[PDB]
Each structure stands twice: as C-alpha cells, then as structure tokens.
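*Asks:* protein27.json (JSON, C-alpha atoms and all ligand atoms) pasted underneath:
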```json
[["chain", "number", "residue", "atom", "x", "y", "z"],
["T", 1, "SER", "CA", 0.00, 0.00, 0.00],
["T", 2, "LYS", "CA", 0.88, 3.69, -0.39],
["T", 3, "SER", "CA", 2.85, 5.87, 2.01],
["T", 4, "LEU", "CA", 0.16, 8.06, 3.54],
["T", 5, "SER", "CA", -0.47, 11.75, 3.82],
["T", 6, "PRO", "CA", -0.61, 12.98, 7.43],
["T", 7, "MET", "CA", -4.18, 14.02, 6.54],
["T", 8, "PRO", "CA", -4.26, 17.16, 8.71],
["T", 9, "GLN", "CA", -7.63, 18.43, 9.83],
["T", 10, "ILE", "CA", -8.15, 21.64, 7.85],
["T", 11, "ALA", "CA", -11.33, 23.68, 7.46],
["T", 12, "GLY", "CA", -13.14, 22.69, 4.26],
["T", 13, "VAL", "CA", -11.04, 19.54, 3.66],
["T", 14, "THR", "CA", -12.67, 16.09, 3.83],
["T", 15, "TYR", "CA", -10.79, 12.85, 3.18],
["T", 16, "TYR", "CA", -12.40, 9.68, 1.85],
["T", 17, "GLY", "CA", -10.00, 6.79, 2.30],
["T", 18, "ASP", "CA", -6.27, 6.85, 2.95],
["T", 19, "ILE", "CA", -4.78, 9.73, 0.99],
["T", 20, "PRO", "CA", -1.33, 8.99, -0.50],
["T", 21, "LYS", "CA", 1.48, 11.36, 0.47],
["T", 22, "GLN", "CA", 3.13, 11.04, -2.95],
["T", 23, "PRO", "CA", 0.32, 10.26, -5.43],
["T", 24, "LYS", "CA", 1.62, 9.33, -8.87],
["T", 25, "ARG", "CA", -1.64, 9.47, -10.87],
["T", 26, "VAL", "CA", -4.01, 12.24, -9.85],
["T", 27, "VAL", "CA", -7.44, 12.96, -11.30],
["T", 28, "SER", "CA", -8.48, 16.56, -10.70],
["T", 29, "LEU", "CA", -12.24, 17.05, -10.92],
["T", 30, "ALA", "CA", -12.22, 20.52, -9.32],
["T", 31, "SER", "CA", -10.85, 23.12, -11.71],
["T", 32, "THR", "CA", -10.31, 25.46, -8.73],
["T", 33, "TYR", "CA", -7.48, 23.22, -7.51],
["T", 34, "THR", "CA", -5.84, 21.76, -10.66],
["T", 35, "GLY", "CA", -3.17, 24.46, -10.87],
["T", 36, "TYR", "CA", -2.28, 24.10, -7.19],
["T", 37, "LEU", "CA", -1.57, 20.41, -7.81],
["T", 38, "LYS", "CA", 0.52, 21.31, -10.86],
["T", 39, "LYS", "CA", 2.45, 23.96, -8.89],
["T", 40, "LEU", "CA", 3.36, 21.19, -6.42],
["T", 41, "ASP", "CA", 4.62, 18.99, -9.31],
["T", 42, "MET", "CA", 1.80, 16.43, -9.23],
["T", 43, "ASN", "CA", 1.27, 14.16, -12.22],
["T", 44, "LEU", "CA", -2.27, 14.82, -13.37],
["T", 45, "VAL", "CA", -3.70, 12.03, -15.50],
["T", 46, "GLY", "CA", -7.22, 13.52, -15.63],
["T", 47, "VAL", "CA", -8.47, 17.13, -15.57],
["T", 48, "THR", "CA", -11.77, 18.76, -16.49],
["T", 49, "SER", "CA", -13.07, 20.90, -19.32],
["T", 50, "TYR", "CA", -12.38, 24.27, -17.66],
["T", 51, "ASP", "CA", -8.77, 23.17, -17.15],
["T", 52, "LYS", "CA", -8.32, 22.27, -20.82],
["T", 53, "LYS", "CA", -9.84, 25.61, -21.87],
["T", 54, "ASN", "CA", -7.42, 27.57, -19.64],
["T", 55, "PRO", "CA", -4.42, 28.11, -21.97],
["T", 56, "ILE", "CA", -1.99, 28.62, -19.09],
["T", 57, "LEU", "CA", -3.00, 25.38, -17.35],
["T", 58, "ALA", "CA", -3.56, 23.45, -20.57],
["T", 59, "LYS", "CA", 0.11, 23.74, -21.56],
["T", 60, "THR", "CA", 1.08, 21.85, -18.38],
["T", 61, "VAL", "CA", -1.50, 19.03, -18.63],
["T", 62, "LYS", "CA", -1.29, 18.00, -22.29],
["T", 63, "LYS", "CA", -0.97, 14.32, -21.33],
["T", 64, "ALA", "CA", -3.98, 14.47, -18.98],
["T", 65, "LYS", "CA", -7.32, 13.19, -20.27],
["T", 66, "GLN", "CA", -10.31, 15.49, -20.03],
["T", 67, "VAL", "CA", -12.93, 13.79, -17.83],
["T", 68, "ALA", "CA", -16.12, 14.70, -16.01],
["T", 69, "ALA", "CA", -17.05, 13.49, -12.53],
["T", 70, "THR", "CA", -19.66, 11.17, -14.11],
["T", 71, "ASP", "CA", -16.93, 9.37, -16.12],
["T", 72, "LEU", "CA", -16.61, 6.49, -13.67],
["T", 73, "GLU", "CA", -15.40, 4.13, -16.42],
["T", 74, "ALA", "CA", -12.76, 6.49, -17.84],
["T", 75, "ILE", "CA", -11.59, 7.50, -14.37],
["T", 76, "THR", "CA", -11.31, 3.86, -13.32],
["T", 77, "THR", "CA", -9.27, 3.06, -16.46],
["T", 78, "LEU", "CA", -6.90, 5.97, -15.70],
["T", 79, "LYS", "CA", -5.89, 3.99, -12.57],
["T", 80, "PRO", "CA", -5.68, 7.04, -10.28],
["T", 81, "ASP", "CA", -4.22, 6.86, -6.80],
["T", 82, "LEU", "CA", -5.97, 10.12, -5.84],
["T", 83, "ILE", "CA", -9.08, 12.02, -6.94],
["T", 84, "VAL", "CA", -9.62, 15.68, -5.96],
["T", 85, "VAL", "CA", -13.18, 17.06, -5.98],
["T", 86, "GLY", "CA", -15.21, 20.03, -4.86],
["T", 87, "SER", "CA", -17.57, 19.43, -1.94],
["T", 88, "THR", "CA", -20.70, 20.01, -4.07],
["T", 89, "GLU", "CA", -19.99, 17.06, -6.37],
["T", 90, "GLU", "CA", -22.85, 14.59, -5.99],
["T", 91, "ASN", "CA", -21.19, 11.25, -6.67],
["T", 92, "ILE", "CA", -18.31, 11.44, -4.19],
["T", 93, "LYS", "CA", -19.29, 8.02, -2.81],
["T", 94, "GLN", "CA", -18.86, 6.40, -6.22],
["T", 95, "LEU", "CA", -15.60, 8.27, -6.87],
["T", 96, "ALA", "CA", -14.22, 7.14, -3.51],
["T", 97, "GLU", "CA", -14.76, 3.52, -4.57],
["T", 98, "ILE", "CA", -12.23, 4.12, -7.37],
["T", 99, "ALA", "CA", -9.49, 5.86, -5.38],
["T", 100, "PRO", "CA", -9.03, 7.95, -2.23],
["T", 101, "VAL", "CA", -10.70, 11.35, -2.52],
["T", 102, "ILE", "CA", -9.88, 14.79, -1.19],
["T", 103, "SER", "CA", -13.01, 16.94, -1.18],
["T", 104, "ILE", "CA", -12.64, 20.71, -0.71],
["T", 105, "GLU", "CA", -15.40, 23.10, 0.26],
["T", 106, "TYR", "CA", -14.72, 26.37, -1.53],
["T", 107, "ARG", "CA", -13.80, 29.46, 0.50],
["T", 108, "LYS", "CA", -13.07, 27.81, 3.88],
["T", 109, "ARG", "CA", -9.38, 28.54, 3.16],
["T", 110, "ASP", "CA", -8.19, 31.51, 1.09],
["T", 111, "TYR", "CA", -6.39, 31.35, -2.22],
["T", 112, "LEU", "CA", -2.95, 31.35, -0.55],
["T", 113, "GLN", "CA", -3.83, 29.08, 2.37],
["T", 114, "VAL", "CA", -5.02, 26.41, -0.07],
["T", 115, "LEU", "CA", -1.45, 26.08, -1.39],
["T", 116, "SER", "CA", 0.19, 25.79, 2.02],
["T", 117, "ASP", "CA", -2.58, 23.36, 3.00],
["T", 118, "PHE", "CA", -1.70, 21.11, 0.06],
["T", 119, "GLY", "CA", 1.91, 21.51, 1.16],
["T", 120, "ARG", "CA", 0.96, 19.94, 4.50],
["T", 121, "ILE", "CA", -1.16, 17.22, 2.90],
["T", 122, "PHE", "CA", 1.59, 16.13, 0.48],
["T", 123, "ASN", "CA", 4.67, 17.05, 2.58],
["T", 124, "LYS", "CA", 5.61, 19.70, -0.03],
["T", 125, "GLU", "CA", 5.99, 22.48, 2.50],
["T", 126, "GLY", "CA", 9.20, 23.82, 0.93],
["T", 127, "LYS", "CA", 7.75, 24.25, -2.55],
["T", 128, "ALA", "CA", 4.65, 25.97, -1.15],
["T", 129, "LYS", "CA", 6.61, 28.22, 1.19],
["T", 130, "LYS", "CA", 9.00, 29.39, -1.53],
["T", 131, "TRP", "CA", 6.14, 30.22, -3.89],
["T", 132, "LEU", "CA", 4.24, 32.10, -1.17],
["T", 133, "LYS", "CA", 7.27, 34.13, -0.07],
["T", 134, "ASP", "CA", 8.03, 35.17, -3.64],
["T", 135, "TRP", "CA", 4.34, 35.96, -4.23],
["T", 136, "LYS", "CA", 4.22, 38.22, -1.17],
["T", 137, "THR", "CA", 7.30, 40.20, -2.26],
["T", 138, "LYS", "CA", 6.30, 40.40, -5.92],
["T", 139, "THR", "CA", 2.71, 41.45, -5.26],
["T", 140, "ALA", "CA", 3.84, 44.18, -2.84],
["T", 141, "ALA", "CA", 6.26, 45.49, -5.49],
["T", 142, "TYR", "CA", 3.61, 45.39, -8.22],
["T", 143, "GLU", "CA", 1.09, 47.06, -5.90],
["T", 144, "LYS", "CA", 3.50, 50.02, -5.74],
["T", 145, "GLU", "CA", 3.89, 50.09, -9.53],
["T", 146, "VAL", "CA", 0.15, 50.17, -10.21],
["T", 147, "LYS", "CA", -0.75, 52.58, -7.39],
["T", 148, "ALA", "CA", 1.91, 54.98, -8.71],
["T", 149, "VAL", "CA", -0.34, 55.36, -11.78],
["T", 150, "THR", "CA", -3.84, 55.20, -10.28],
["T", 151, "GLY", "CA", -3.28, 56.55, -6.80],
["T", 152, "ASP", "CA", -3.53, 54.29, -3.78],
["T", 153, "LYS", "CA", -7.22, 54.97, -3.06],
["T", 154, "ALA", "CA", -8.61, 54.31, -6.56],
["T", 155, "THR", "CA", -11.64, 52.00, -6.49],
["T", 156, "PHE", "CA", -11.91, 48.87, -8.61],
["T", 157, "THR", "CA", -14.91, 46.68, -9.42],
["T", 158, "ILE", "CA", -14.62, 43.10, -10.67],
["T", 159, "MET", "CA", -17.25, 42.15, -13.25],
["T", 160, "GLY", "CA", -17.97, 39.22, -15.55],
["T", 161, "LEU", "CA", -20.20, 38.61, -18.56],
["T", 162, "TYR", "CA", -21.74, 35.15, -18.77],
["T", 163, "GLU", "CA", -24.50, 34.08, -21.14],
["T", 164, "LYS", "CA", -26.78, 37.17, -21.28],
["T", 165, "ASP", "CA", -26.07, 37.96, -17.62],
["T", 166, "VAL", "CA", -23.85, 40.38, -15.73],
["T", 167, "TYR", "CA", -22.05, 39.45, -12.52],
["T", 168, "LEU", "CA", -20.07, 41.48, -10.01],
["T", 169, "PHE", "CA", -17.46, 39.76, -7.87],
["T", 170, "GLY", "CA", -15.70, 40.42, -4.60],
["T", 171, "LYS", "CA", -12.15, 39.77, -3.45],
["T", 172, "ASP", "CA", -12.21, 35.95, -3.46],
["T", 173, "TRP", "CA", -14.28, 34.64, -6.38],
["T", 174, "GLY", "CA", -11.81, 34.84, -9.25],
["T", 175, "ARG", "CA", -12.10, 37.15, -12.27],
["T", 176, "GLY", "CA", -9.08, 39.12, -11.03],
["T", 177, "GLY", "CA", -10.46, 39.87, -7.55],
["T", 178, "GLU", "CA", -7.66, 38.09, -5.70],
["T", 179, "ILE", "CA", -5.12, 40.16, -7.69],
["T", 180, "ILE", "CA", -6.92, 43.48, -7.51],
["T", 181, "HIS", "CA", -8.30, 43.38, -3.97],
["T", 182, "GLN", "CA", -6.02, 40.95, -2.10],
["T", 183, "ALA", "CA", -2.63, 41.29, -3.85],
["T", 184, "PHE", "CA", -2.82, 44.98, -4.83],
["T", 185, "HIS", "CA", -5.06, 46.04, -1.91],
["T", 186, "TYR", "CA", -7.35, 48.14, -4.06],
["T", 187, "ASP", "CA", -10.58, 49.23, -2.46],
["T", 188, "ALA", "CA", -13.94, 48.55, -4.09],
["T", 189, "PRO", "CA", -16.85, 51.05, -4.19],
["T", 190, "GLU", "CA", -18.96, 51.04, -1.02],
["T", 191, "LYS", "CA", -21.92, 49.48, -2.86],
["T", 192, "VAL", "CA", -19.72, 46.58, -4.00],
["T", 193, "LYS", "CA", -18.31, 46.07, -0.50],
["T", 194, "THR", "CA", -21.82, 46.15, 0.97],
["T", 195, "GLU", "CA", -23.72, 44.10, -1.63],
["T", 196, "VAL", "CA", -21.12, 41.82, -3.28],
["T", 197, "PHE", "CA", -18.16, 41.07, -1.03],
["T", 198, "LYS", "CA", -19.98, 38.87, 1.52],
["T", 199, "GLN", "CA", -21.69, 36.57, -1.01],
["T", 200, "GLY", "CA", -18.65, 36.71, -3.28],
["T", 201, "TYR", "CA", -20.67, 37.37, -6.44],
["T", 202, "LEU", "CA", -23.89, 39.10, -7.47],
["T", 203, "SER", "CA", -25.97, 38.74, -10.64],
["T", 204, "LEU", "CA", -27.03, 42.28, -11.57],
["T", 205, "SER", "CA", -29.39, 43.82, -14.09],
["T", 206, "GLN", "CA", -27.42, 45.90, -16.61],
["T", 207, "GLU", "CA", -29.21, 49.20, -15.93],
["T", 208, "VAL", "CA", -27.79, 49.56, -12.38],
["T", 209, "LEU", "CA", -24.13, 49.00, -13.35],
["T", 210, "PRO", "CA", -23.10, 52.72, -13.03],
["T", 211, "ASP", "CA", -24.00, 52.61, -9.34],
["T", 212, "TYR", "CA", -21.33, 49.93, -8.71],
["T", 213, "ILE", "CA", -18.35, 51.36, -10.65],
["T", 214, "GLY", "CA", -15.89, 53.96, -9.33],
["T", 215, "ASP", "CA", -12.42, 54.55, -10.77],
["T", 216, "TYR", "CA", -11.80, 51.27, -12.64],
["T", 217, "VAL", "CA", -13.67, 48.19, -13.78],
["T", 218, "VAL", "CA", -12.17, 44.82, -14.70],
["T", 219, "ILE", "CA", -14.45, 42.73, -16.93],
["T", 220, "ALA", "CA", -14.00, 39.02, -17.61],
["T", 221, "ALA", "CA", -15.61, 37.31, -20.61],
["T", 222, "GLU", "CA", -15.07, 34.12, -22.61],
["T", 223, "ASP", "CA", -15.24, 35.90, -25.98],
["T", 224, "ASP", "CA", -14.79, 39.49, -27.12],
["T", 225, "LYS", "CA", -18.27, 39.92, -28.67],
["T", 226, "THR", "CA", -20.47, 39.22, -25.61],
["T", 227, "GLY", "CA", -20.22, 42.78, -24.24],
["T", 228, "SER", "CA", -21.00, 44.63, -27.52],
["T", 229, "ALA", "CA", -24.52, 45.96, -26.93],
["T", 230, "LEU", "CA", -23.64, 46.97, -23.37],
["T", 231, "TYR", "CA", -20.40, 48.71, -24.28],
["T", 232, "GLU", "CA", -21.94, 50.94, -26.96],
["T", 233, "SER", "CA", -24.97, 51.89, -24.83],
["T", 234, "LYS", "CA", -25.43, 55.46, -23.61],
["T", 235, "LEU", "CA", -25.77, 53.92, -20.14],
["T", 236, "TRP", "CA", -22.31, 52.34, -20.25],
["T", 237, "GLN", "CA", -20.71, 55.28, -22.07],
["T", 238, "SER", "CA", -22.09, 57.62, -19.36],
["T", 239, "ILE", "CA", -20.05, 55.86, -16.64],
["T", 240, "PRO", "CA", -17.06, 58.04, -15.60],
["T", 241, "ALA", "CA", -14.68, 55.04, -15.52],
["T", 242, "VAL", "CA", -15.64, 54.27, -19.13],
["T", 243, "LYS", "CA", -15.20, 57.92, -20.21],
["T", 244, "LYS", "CA", -11.73, 57.87, -18.61],
["T", 245, "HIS", "CA", -10.76, 54.62, -20.39],
["T", 246, "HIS", "CA", -10.42, 52.80, -17.06],
["T", 247, "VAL", "CA", -11.98, 49.59, -18.37],
["T", 248, "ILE", "CA", -9.80, 46.48, -18.36],
["T", 249, "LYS", "CA", -11.17, 43.58, -20.41],
["T", 250, "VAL", "CA", -9.75, 40.15, -19.58],
["T", 251, "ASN", "CA", -10.11, 36.61, -20.86],
["T", 252, "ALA", "CA", -12.24, 34.53, -18.49],
["T", 253, "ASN", "CA", -10.77, 31.27, -19.80],
["T", 254, "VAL", "CA", -7.85, 32.00, -17.46],
["T", 255, "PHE", "CA", -9.38, 34.77, -15.30],
["T", 256, "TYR", "CA", -12.06, 32.45, -13.84],
["T", 257, "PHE", "CA", -9.25, 30.79, -11.87],
["T", 258, "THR", "CA", -7.57, 31.36, -8.53],
["T", 259, "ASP", "CA", -4.67, 28.86, -8.67],
["T", 260, "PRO", "CA", -0.96, 29.81, -8.63],
["T", 261, "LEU", "CA", -0.34, 29.19, -12.35],
["T", 262, "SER", "CA", -3.40, 31.13, -13.52],
["T", 263, "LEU", "CA", -2.74, 33.91, -11.00],
["T", 264, "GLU", "CA", 0.85, 34.40, -12.22],
["T", 265, "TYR", "CA", -0.57, 35.19, -15.65],
["T", 266, "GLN", "CA", -3.38, 37.35, -14.25],
["T", 267, "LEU", "CA", -0.89, 39.29, -12.12],
["T", 268, "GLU", "CA", 1.33, 40.29, -15.04],
["T", 269, "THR", "CA", -1.68, 40.92, -17.28],
["T", 270, "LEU", "CA", -3.38, 43.23, -14.76],
["T", 271, "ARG", "CA", -0.15, 45.05, -13.92],
["T", 272, "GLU", "CA", 0.39, 45.77, -17.61],
["T", 273, "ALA", "CA", -3.26, 46.71, -18.20],
["T", 274, "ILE", "CA", -3.31, 49.23, -15.36],
["T", 275, "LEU", "CA", -0.06, 50.79, -16.56],
["T", 276, "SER", "CA", -1.46, 50.84, -20.13],
["T", 277, "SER", "CA", -4.65, 52.63, -19.05],
["T", 278, "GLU", "CA", -2.66, 55.86, -19.00],
["T", 279, "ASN", "CA", -1.25, 55.52, -22.53],
["T", 301, "NA", "NA", -13.91, 23.50, -6.71],
["T", 302, "NA", "NA", -12.59, 57.25, -5.86],
["T", 303, "ZN", "ZN", -5.76, 2.73, 6.30],
["T", 304, "ZN", "ZN", -27.59, 18.18, -7.47],
["T", 305, "ZN", "ZN", -30.06, 35.62, -17.75],
["T", 306, "ZN", "ZN", -12.72, 57.92, -24.91]]
```
Take the structure in this file and express it as structure tokens.
Ligand code: NA
Ligand code: NA
Ligand SMILES: [Zn+2]
Ligand SMILES: [Zn+2]
Ligand SMILES: [Zn+2]
Ligand SMILES: [Zn+2]

*Replies:*
Amino acid sequence: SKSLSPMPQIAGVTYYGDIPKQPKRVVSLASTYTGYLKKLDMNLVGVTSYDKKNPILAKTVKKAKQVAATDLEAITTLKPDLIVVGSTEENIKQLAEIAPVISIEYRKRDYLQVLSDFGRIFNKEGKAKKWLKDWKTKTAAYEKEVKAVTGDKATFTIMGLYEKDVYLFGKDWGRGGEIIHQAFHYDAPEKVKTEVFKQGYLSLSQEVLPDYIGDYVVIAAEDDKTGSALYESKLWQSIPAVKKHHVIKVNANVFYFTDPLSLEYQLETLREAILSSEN
C-alpha cells in the first residue's frame, strides 16, 4: 500500500480513504485546484473541461485526459491513486470507490492558504513556502507600480459577462479579484463592499451598473463579442470610468481561476493593463 499523507484536519477539507502522500496518478475534478496540484509537481492524469480551456494550465497538462465526474469508467481506467473534488460534487461516494478522494469546500481557506494546506497534505511544504514568499514580495512590489499610476485609493470593481447575464465579484471569487483586492489592496466602491463582497458574487441587471463602478472596472468574458450591446450603450458610455478609459477587459478562460499558475498570468496581465490605461 501507499505511504500516507498525514491528513491534517483543515477547514473545508474532507478525506475519503487513505490519501497517498506522494500520489503518482491524480485525477483533478475541481478546476479550482488543478493548478495548485501542478504547482506542487503532481502528475495529473485527468483534468476537467475548464482546465483544458485555460491556456496557461492546458500547456502543463497536455498528457492528462479530459474527464467529467460522471466518467466512472474512464476515471477507473486511468488507474488514479488520488481524486480531488469540490464538496458540491454529488457522486463522491462512487468516486471514492475508485481511489481515495480529497473533497474541498470552496472558500473555507483563502487562495494562498489552499497552497500551504496542500503543502501539509503532500509534505511539499518547501515548494509551497517558496512560492508564497516570492508571491508576497512580488505582489507588494507590483502594488506600488500600479498605485503609482492610479493613486492608492482608486476604487476597482470586478465584473464578468456570462451568457446574457452580468455578474459582479468580490475579493475571493476569481475574475481578477484576488489580484486586484487581495494582492494589490485596491478598495472597491462602497456598494460593492456592501452588496457583493460577503456573497462573493452578485448577478445584476445591466441598468444599475453605473452605481457599482468607481475609478476602474475589470471585466472578464469568454469571448470578445459578448459585451457589444452593453459597451456601446449610452448607459455604459455615461459611466465616468468608461469615459476615462479605465476599463480592463480580460479573458475569463484563465481569469475564472484562482490557482498559482493562472494567477501568475493574471498578475502580469493586470499590472500591464493598469499601466497601459494611462497611454
Ligand atoms: Na472547486
Ligand atoms: Na474614488
Ligand atoms: Zn488505512
Ligand atoms: Zn444536485
Ligand atoms: Zn439571464
Ligand atoms: Zn474615450
């Protein structure tokens, strides 16, 4: 049998079976966590659709098979020694019959803590610690670069377009919020803090958008055409941030994510976009 993880008790983490310390064949069914596993040099043999559509992650998991959580046959045939899932998956019992499962409840641990937590689970403390130390220094330095342009008290709002809907996001639901609000310590407008931050996201009707945007808005979308009717509208064009050219449009296929690999890309992209806003 496998050498075992110490299986520390951590908020949001549930273990089904004896988790290996050094898994050799991991199936990641929670796109939130795939890039954490890759940062810790895990061999991923299965990943999901969102992972394959994230160009930053995809380059690192070319040999992994795309699977869904319902793919019991394909997952079995991949011969995993570990499956990682989100807590809202509904067939965890069946997955746990294939291999040991780590189930993670989103948001119980923050985007940085999740990495050090995996460091404890897999005895990869050194790799996690080095990444986190560098991240702390780099983000502080980049915070200074961007605030030199915007001022330190500029407000930012995180937004996403999905289907025909409009979402606002807080500091810990992806779409750049970890970068903007946690790493760069930008404030959000009061209405966003009051109405969005606690839930993490808020589906909004388009006509109230001006009320939630201050100095800057970051907008995630999967394709560049979705926002067209909004962007040309008198409503949108009336927003001061839009008039000032303080709109930063980002690609959701990577900006949905919160993992170290995706966030490295988001960090450089957002740094450059803020600097570029004053060209
Ligand atoms: Na998840
Ligand atoms: Na302001
Ligand atoms: Zn045992
Ligand atoms: Zn259900
Ligand atoms: Zn809708
Ligand atoms: Zn203009």

*Asks:* Please, which residues have at least one atom within 12 Å of an atom of ligand ZN 304 (chain T), using only C-alpha atoms and all ligand atoms, listed as an NGL selection string?

*Replies:* :T and (87-92)

*Asks:* Those residues you just picked out, can you put them in a file as a PDB file, in the coordinates of the input with C-alpha atoms?

*Replies:*
```
ATOM      1  CA  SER T  87     -17.570  19.430  -1.940  1.00  0.00           C
ATOM      2  CA  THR T  88     -20.700  20.010  -4.070  1.00  0.00           C
ATOM      3  CA  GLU T  89     -19.990  17.060  -6.370  1.00  0.00           C
ATOM      4  CA  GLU T  90     -22.850  14.590  -5.990  1.00  0.00           C
ATOM      5  CA  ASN T  91     -21.190  11.250  -6.670  1.00  0.00           C
ATOM      6  CA  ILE T  92     -18.310  11.440  -4.190  1.00  0.00           C
TER       7      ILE T  92
END
```

*Asks:* Sorted by chain and rising residue number, list the residues of chain T at most 10 Å from ligand NA 301 (chain T) (counting all atoms listed in the file), each with its closest atom pair and distance in Å to one decimal, as a Markdown table.

*Replies:*
```
| residue | atom | partner | partner_atom | distance |
| --- | --- | --- | --- | --- |
| T:28 | CA | T:NA301 | NA | 9.7 |
| T:29 | CA | T:NA301 | NA | 7.9 |
| T:30 | CA | T:NA301 | NA | 4.3 |
| T:31 | CA | T:NA301 | NA | 5.9 |
| T:32 | CA | T:NA301 | NA | 4.6 |
| T:33 | CA | T:NA301 | NA | 6.5 |
| T:34 | CA | T:NA301 | NA | 9.2 |
| T:84 | CA | T:NA301 | NA | 9.0 |
| T:85 | CA | T:NA301 | NA | 6.5 |
| T:86 | CA | T:NA301 | NA | 4.1 |
| T:87 | CA | T:NA301 | NA | 7.3 |
| T:88 | CA | T:NA301 | NA | 8.1 |
| T:89 | CA | T:NA301 | NA | 8.9 |
| T:103 | CA | T:NA301 | NA | 8.6 |
| T:104 | CA | T:NA301 | NA | 6.7 |
| T:105 | CA | T:NA301 | NA | 7.1 |
| T:106 | CA | T:NA301 | NA | 6.0 |
| T:107 | CA | T:NA301 | NA | 9.4 |
```

*Asks:* Which of these, T:69, T:166, T:74, T:250, has the shortest distance to residue 268 (chain T) once you count all atoms listed in the file?

*Replies:* T:250

*Asks:* Name the residues, using the chain letters and numbers of the file, that sit within 12 Å of (-2.7, 50.9, -9.4) when counting only C-alpha atoms, and give them as number ranges by chain.

*Replies:* T: 139-156, 179-181, 183-187, 215-216, 246, 270-278

*Asks:* Could you check how far atom ZN of ligand ZN 303 (chain T) sits from CA of residue 83 (chain T), in Å to one decimal?

*Replies:*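 These two atoms are separated by 16.5 Å.
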
*Asks:* Could you give me, as a list in words, every polymer residue with an atom at most 8 Å away from an atom of ligand ZN 306 (chain T), counting all atoms listed in the file?

*Replies:*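 Listed by chain and ascending number, the contacts are residues 242, 243, 244 and 245 of chain T.
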
*Asks:* Find the residues of chain T that sit at most 8 Å from ligand ZN 305 (chain T); for each, write down the nearest two atoms and how far apart they are in Å, to one decimal. Count all atoms listed in the file. Sort by chain, then by number going up, and give it as CSV.

*Replies:*
```
residue,atom,partner,partner_atom,distance
T:163,CA,T:ZN305,ZN,6.7
T:164,CA,T:ZN305,ZN,5.1
T:165,CA,T:ZN305,ZN,4.6
```

*Asks:* In file coordinates, which residues lie within 9 Å of (-25.4, 47.0, -15.9) using only C-alpha atoms, given as a PyMOL selection string?

*Replies:* chain T and resi 166-167+204-212+230+235-236

*Asks:* Taking the partial coordinates given, rebuild region 185-199 of chain T to contain N, CA and C atoms; return it as a compact mmCIF listing (two decimals), keeping the file's coordinate frame.

*Replies:*
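Writing done, so here's rebuild06.txt:
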```
# COMPACT_ATOMS: atom_id res chain seq x y z
N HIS T 185 -4.38 45.29 -2.96
CA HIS T 185 -5.06 46.04 -1.91
C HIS T 185 -5.77 47.26 -2.47
N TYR T 186 -6.44 47.10 -3.61
CA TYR T 186 -7.35 48.14 -4.06
C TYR T 186 -8.70 48.00 -3.37
N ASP T 187 -9.22 49.15 -2.96
CA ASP T 187 -10.58 49.23 -2.46
C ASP T 187 -11.58 48.98 -3.58
N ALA T 188 -12.79 48.58 -3.20
CA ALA T 188 -13.94 48.55 -4.09
C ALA T 188 -14.88 49.69 -3.69
N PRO T 189 -15.79 50.12 -4.59
CA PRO T 189 -16.85 51.05 -4.19
C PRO T 189 -17.65 50.51 -3.01
N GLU T 190 -18.21 51.42 -2.21
CA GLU T 190 -18.96 51.04 -1.02
C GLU T 190 -20.09 50.07 -1.38
N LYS T 191 -20.79 50.32 -2.49
CA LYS T 191 -21.92 49.48 -2.86
C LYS T 191 -21.46 48.05 -3.16
N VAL T 192 -20.25 47.91 -3.72
CA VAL T 192 -19.72 46.58 -4.00
C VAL T 192 -19.33 45.90 -2.69
N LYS T 193 -18.67 46.63 -1.79
CA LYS T 193 -18.31 46.07 -0.50
C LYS T 193 -19.55 45.60 0.25
N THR T 194 -20.62 46.40 0.19
CA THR T 194 -21.82 46.15 0.97
C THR T 194 -22.67 45.03 0.35
N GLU T 195 -22.76 44.98 -0.97
CA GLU T 195 -23.72 44.10 -1.63
C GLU T 195 -23.08 42.87 -2.26
N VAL T 196 -21.77 42.89 -2.52
CA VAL T 196 -21.12 41.82 -3.28
C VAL T 196 -20.11 41.03 -2.45
N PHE T 197 -19.32 41.72 -1.62
CA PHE T 197 -18.16 41.07 -1.03
C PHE T 197 -18.56 39.85 -0.19
N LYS T 198 -19.63 39.95 0.60
CA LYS T 198 -19.98 38.87 1.52
C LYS T 198 -20.37 37.62 0.74
N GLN T 199 -21.26 37.74 -0.25
CA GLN T 199 -21.69 36.57 -1.01
C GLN T 199 -20.57 36.10 -1.94
```
